[PDB]
file work-v2.cif (mmCIF, C-alpha atoms)
data_target
loop_
_atom_site.label_atom_id
_atom_site.label_comp_id
_atom_site.auth_asym_id
_atom_site.auth_seq_id
_atom_site.Cartn_x
_atom_site.Cartn_y
_atom_site.Cartn_z
CA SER A 1936 -12.99 -10.65 -12.97
CA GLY A 1937 -16.59 -9.30 -12.93
CA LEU A 1938 -17.08 -10.77 -9.41
CA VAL A 1939 -18.60 -8.01 -7.27
CA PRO A 1940 -20.48 -9.05 -4.07
CA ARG A 1941 -23.35 -6.59 -3.37
CA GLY A 1942 -25.43 -8.70 -0.96
CA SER A 1943 -28.24 -9.27 -3.53
CA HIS A 1944 -27.90 -13.05 -3.15
CA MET A 1945 -25.37 -15.61 -1.88
CA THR A 1946 -22.59 -17.11 -4.06
CA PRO A 1947 -22.51 -20.95 -4.64
CA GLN A 1948 -19.47 -23.25 -4.11
CA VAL A 1949 -17.30 -21.44 -6.66
CA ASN A 1950 -14.53 -23.83 -7.68
CA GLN A 1951 -12.06 -21.16 -8.80
CA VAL A 1952 -10.16 -18.67 -6.63
CA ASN A 1953 -9.93 -15.42 -8.66
CA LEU A 1954 -8.06 -12.33 -7.45
CA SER A 1955 -11.28 -10.57 -6.43
CA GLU A 1956 -12.69 -13.79 -4.86
CA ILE A 1957 -9.65 -13.87 -2.53
CA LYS A 1958 -9.83 -10.06 -1.99
CA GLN A 1959 -13.41 -10.17 -0.68
CA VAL A 1960 -12.61 -13.15 1.61
CA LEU A 1961 -9.46 -11.44 2.99
CA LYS A 1962 -11.60 -8.41 3.98
CA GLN A 1963 -14.04 -10.68 5.84
CA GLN A 1964 -11.27 -12.64 7.64
CA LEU A 1965 -9.51 -9.46 8.74
CA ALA A 1966 -12.75 -7.72 9.79
CA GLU A 1967 -13.28 -10.17 12.64
CA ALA A 1968 -9.56 -9.82 13.54
CA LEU A 1969 -10.05 -6.03 13.93
CA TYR A 1970 -13.37 -6.44 15.85
CA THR A 1971 -15.36 -4.91 12.95
CA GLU A 1972 -17.38 -5.69 9.77
CA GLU A 1973 -15.93 -5.90 6.24
CA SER A 1974 -18.69 -3.53 5.14
CA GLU A 1975 -16.66 -0.62 6.60
CA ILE A 1976 -13.14 -1.79 5.44
CA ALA A 1977 -11.52 -0.34 2.31
CA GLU A 1978 -9.52 -2.41 -0.24
CA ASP A 1979 -6.80 0.28 -0.60
CA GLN A 1980 -6.77 1.37 3.09
CA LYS A 1981 -3.99 0.09 5.31
CA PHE A 1982 -4.90 -2.57 7.86
CA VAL A 1983 -2.57 -0.79 10.30
CA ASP A 1984 -4.56 2.44 10.00
CA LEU A 1985 -7.66 0.51 11.07
CA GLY A 1986 -5.59 -1.04 13.95
CA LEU A 1987 -3.68 -4.06 12.53
CA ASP A 1988 -0.73 -4.60 14.85
CA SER A 1989 2.23 -6.97 15.22
CA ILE A 1990 0.13 -9.54 17.15
CA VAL A 1991 -2.96 -9.56 14.90
CA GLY A 1992 -0.79 -9.59 11.75
CA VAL A 1993 1.02 -12.80 12.84
CA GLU A 1994 -2.17 -14.68 13.71
CA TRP A 1995 -4.04 -13.43 10.61
CA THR A 1996 -1.15 -14.31 8.28
CA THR A 1997 -1.72 -17.94 9.35
CA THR A 1998 -5.49 -18.06 8.66
CA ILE A 1999 -4.67 -16.87 5.12
CA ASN A 2000 -2.25 -19.79 4.55
CA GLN A 2001 -4.77 -22.31 5.80
CA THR A 2002 -7.49 -20.83 3.56
CA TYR A 2003 -5.46 -21.10 0.28
CA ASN A 2004 -2.99 -23.84 1.42
CA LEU A 2005 0.18 -21.68 1.36
CA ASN A 2006 3.12 -20.65 3.57
CA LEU A 2007 3.39 -16.92 4.53
CA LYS A 2008 4.43 -14.87 7.55
CA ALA A 2009 4.13 -11.53 9.32
CA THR A 2010 6.36 -9.92 6.67
CA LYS A 2011 3.37 -10.19 4.23
CA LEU A 2012 1.25 -7.79 6.29
CA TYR A 2013 4.20 -5.40 6.21
CA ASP A 2014 4.72 -5.73 2.41
CA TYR A 2015 1.05 -5.49 1.44
CA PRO A 2016 -0.84 -3.42 4.04
CA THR A 2017 -4.00 -3.52 1.78
CA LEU A 2018 -6.15 -6.35 0.37
CA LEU A 2019 -5.53 -5.24 -3.21
CA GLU A 2020 -1.77 -6.06 -3.07
CA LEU A 2021 -2.17 -8.88 -0.46
CA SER A 2022 -4.60 -10.76 -2.73
CA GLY A 2023 -2.40 -9.94 -5.76
CA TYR A 2024 0.42 -12.02 -4.30
CA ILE A 2025 -1.74 -14.90 -2.89
CA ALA A 2026 -3.52 -15.41 -6.23
CA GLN A 2027 -0.09 -16.11 -7.85
CA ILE A 2028 1.04 -18.56 -5.13
CA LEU A 2029 -2.05 -20.81 -5.43
CA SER A 2030 -1.92 -20.40 -9.24
CA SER A 2031 1.67 -21.75 -9.22
CA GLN A 2032 1.04 -24.63 -6.75
CA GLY A 2033 -1.55 -26.06 -9.19
CA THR A 2034 0.39 -25.59 -12.51
#

call {"tool": "encode", "arguments": {"input": "work-v2.cif", "output": "structure tokens"}}
result
Amino acid sequence: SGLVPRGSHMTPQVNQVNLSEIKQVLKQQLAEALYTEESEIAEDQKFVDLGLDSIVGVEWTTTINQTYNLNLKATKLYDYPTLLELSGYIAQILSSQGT
């Protein structure tokens, strides 16, 4: 996955949903949830360290499901406090629902 957003130019309607493609989106979705910008969020930093709580984790877990058409809960935030692992799991769910 040589998909690295740098802000040089926009990305088109990419059909696929690679691991990194989900990872970058997750950062963006969670940035707004933490009242910040994804530009300052790390991929291996814990959402909780930034301020992800029990409330935000439950609402955010839903937006994720709606984005990739899955079923997940608050326990996900607790199992994968970083985008790296979070995305790792999601990528397998959508890859199984279509095979």

call {"tool": "residues_around", "arguments": {"input": "work-v2.cif", "residues": "range 1975-1992 of chain A", "least_positions_apart": "5", "cutoff": "6 Å", "atoms": "only C-alpha atoms", "output": "list in words"}}
result
residues 2009, 2016, 2017, 2018 and 2019 of chain A

call {"tool": "resolve_selection", "arguments": {"input": "work-v2.cif", "expression": "the PyMOL selection byres ((chain A and resi 2003-2008) around 9)", "output": "VMD selection string"}}
result
chain A and resid 1952 1957 1992 to 1993 1996 to 2002 2009 to 2012 2025 to 2026 2028 to 2029 2032

call {"tool": "atom_distance", "arguments": {"input": "work-v2.cif", "atom1": "CA of residue 1969 in chain A", "atom2": "CA of residue 2024 in chain A"}}
result
21.9 Å

call {"tool": "closest_residue", "arguments": {"input": "work-v2.cif", "among": "A:1954, A:1973, A:1963, A:1968", "to": "residue 2023 in chain A", "atoms": "all atoms listed in the file"}}
result
A:1954

call {"tool": "closest_residue", "arguments": {"input": "work-v2.cif", "among": "A:1936, A:1943, A:1948, A:2022", "to": "residue 1961 in chain A", "atoms": "only C-alpha atoms"}}
result
A:2022

call {"tool": "resolve_selection", "arguments": {"input": "work-v2.cif", "expression": "the PyMOL selection byres ((chain A and resi 1939) around 12)", "output": "ChimeraX atom specification"}}
result
/A:1936-1938,1940-1946,1953-1960

call {"tool": "atom_distance", "arguments": {"input": "work-v2.cif", "atom1": "CA of residue 1964 in chain A", "atom2": "CA of residue 1995 in chain A"}}
result
7.9 Å

call {"tool": "atom_distance", "arguments": {"input": "work-v2.cif", "atom1": "CA of residue 2027 in chain A", "atom2": "CA of residue 2014 in chain A"}}
result
15.4 Å

call {"tool": "axis_aligned_box", "arguments": {"input": "work-v2.cif", "around": "range 2025-2034 of chain A", "padding_each_side": "8 Å", "output": "JSON"}}
result
{"center_x": -0.9, "center_y": -20.5, "center_z": -7.7, "size_x": 21.2, "size_y": 27.2, "size_z": 25.6}

call {"tool": "decode", "arguments": {"input": "work-v2.cif", "residues": "range 1970-2000 of chain A", "atoms": "N, CA and C atoms", "output": "tab-separated table (two decimals), in the first residue's frame"}}
result
chain	number	residue	atom	x	y	z
A	1970	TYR	N	-12.21	17.55	18.65
A	1970	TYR	CA	-12.12	19.00	18.46
A	1970	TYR	C	-10.73	19.44	17.97
A	1971	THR	N	-10.13	18.68	17.06
A	1971	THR	CA	-8.80	18.96	16.53
A	1971	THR	C	-8.73	18.66	15.03
A	1972	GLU	N	-7.51	18.66	14.48
A	1972	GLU	CA	-7.17	18.39	13.10
A	1972	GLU	C	-6.33	17.11	13.05
A	1973	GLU	N	-6.55	16.29	12.02
A	1973	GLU	CA	-5.81	15.04	11.84
A	1973	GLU	C	-4.32	15.29	11.62
A	1974	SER	N	-3.97	16.50	11.21
A	1974	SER	CA	-2.59	16.85	10.96
A	1974	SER	C	-1.75	16.69	12.23
A	1975	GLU	N	-2.35	16.85	13.42
A	1975	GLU	CA	-1.60	16.71	14.66
A	1975	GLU	C	-1.74	15.33	15.32
A	1976	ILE	N	-2.60	14.44	14.82
A	1976	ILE	CA	-2.83	13.12	15.41
A	1976	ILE	C	-1.86	12.07	14.89
A	1977	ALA	N	-1.34	11.24	15.78
A	1977	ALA	CA	-0.42	10.17	15.43
A	1977	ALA	C	-1.21	8.89	15.14
A	1978	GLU	N	-0.61	7.97	14.39
A	1978	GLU	CA	-1.22	6.70	13.99
A	1978	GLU	C	-1.03	5.61	15.03
A	1979	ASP	N	0.00	5.76	15.87
A	1979	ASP	CA	0.39	4.86	16.95
A	1979	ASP	C	0.26	5.52	18.32
A	1980	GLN	N	-0.49	6.64	18.40
A	1980	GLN	CA	-0.73	7.32	19.67
A	1980	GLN	C	-2.15	6.92	20.04
A	1981	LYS	N	-2.40	6.80	21.34
A	1981	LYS	CA	-3.69	6.37	21.82
A	1981	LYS	C	-4.68	7.51	21.79
A	1982	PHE	N	-5.88	7.22	21.27
A	1982	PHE	CA	-6.95	8.21	21.18
A	1982	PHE	C	-7.24	8.75	22.58
A	1983	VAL	N	-7.21	7.88	23.59
A	1983	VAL	CA	-7.47	8.25	24.97
A	1983	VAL	C	-6.46	9.27	25.47
A	1984	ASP	N	-5.20	9.19	25.03
A	1984	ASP	CA	-4.20	10.14	25.49
A	1984	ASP	C	-4.55	11.52	24.96
A	1985	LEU	N	-5.10	11.58	23.74
A	1985	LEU	CA	-5.50	12.84	23.14
A	1985	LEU	C	-6.76	13.35	23.88
A	1986	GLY	N	-7.63	12.46	24.35
A	1986	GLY	CA	-8.84	12.79	25.09
A	1986	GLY	C	-10.06	11.92	24.80
A	1987	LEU	N	-9.90	10.85	24.02
A	1987	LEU	CA	-11.00	9.94	23.68
A	1987	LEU	C	-11.52	9.30	24.95
A	1988	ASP	N	-12.78	9.54	25.24
A	1988	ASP	CA	-13.46	9.05	26.42
A	1988	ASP	C	-14.53	8.01	26.10
A	1989	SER	N	-15.28	7.62	27.12
A	1989	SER	CA	-16.34	6.63	27.00
A	1989	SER	C	-17.52	7.10	26.16
A	1990	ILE	N	-17.79	8.40	26.11
A	1990	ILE	CA	-18.88	8.99	25.37
A	1990	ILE	C	-18.47	9.04	23.89
A	1991	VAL	N	-17.38	9.76	23.60
A	1991	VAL	CA	-16.85	9.94	22.26
A	1991	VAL	C	-16.58	8.59	21.60
A	1992	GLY	N	-16.04	7.61	22.34
A	1992	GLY	CA	-15.76	6.31	21.75
A	1992	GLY	C	-17.00	5.59	21.26
A	1993	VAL	N	-18.13	5.72	21.95
A	1993	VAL	CA	-19.38	5.07	21.58
A	1993	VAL	C	-19.97	5.74	20.35
A	1994	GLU	N	-19.95	7.07	20.27
A	1994	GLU	CA	-20.51	7.72	19.09
A	1994	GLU	C	-19.60	7.50	17.88
A	1995	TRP	N	-18.28	7.61	18.06
A	1995	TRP	CA	-17.34	7.43	16.97
A	1995	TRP	C	-17.35	6.00	16.43
A	1996	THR	N	-17.53	5.00	17.31
A	1996	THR	CA	-17.55	3.62	16.85
A	1996	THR	C	-18.67	3.43	15.82
A	1997	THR	N	-19.75	4.21	15.93
A	1997	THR	CA	-20.87	4.11	15.02
A	1997	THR	C	-20.53	4.69	13.66
A	1998	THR	N	-19.95	5.89	13.60
A	1998	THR	CA	-19.60	6.53	12.33
A	1998	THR	C	-18.71	5.58	11.51
A	1999	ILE	N	-17.84	4.84	12.18
A	1999	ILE	CA	-16.95	3.89	11.52
A	1999	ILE	C	-17.77	2.82	10.79
A	2000	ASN	N	-18.76	2.24	11.48
A	2000	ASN	CA	-19.61	1.20	10.93
A	2000	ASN	C	-20.35	1.68	9.72
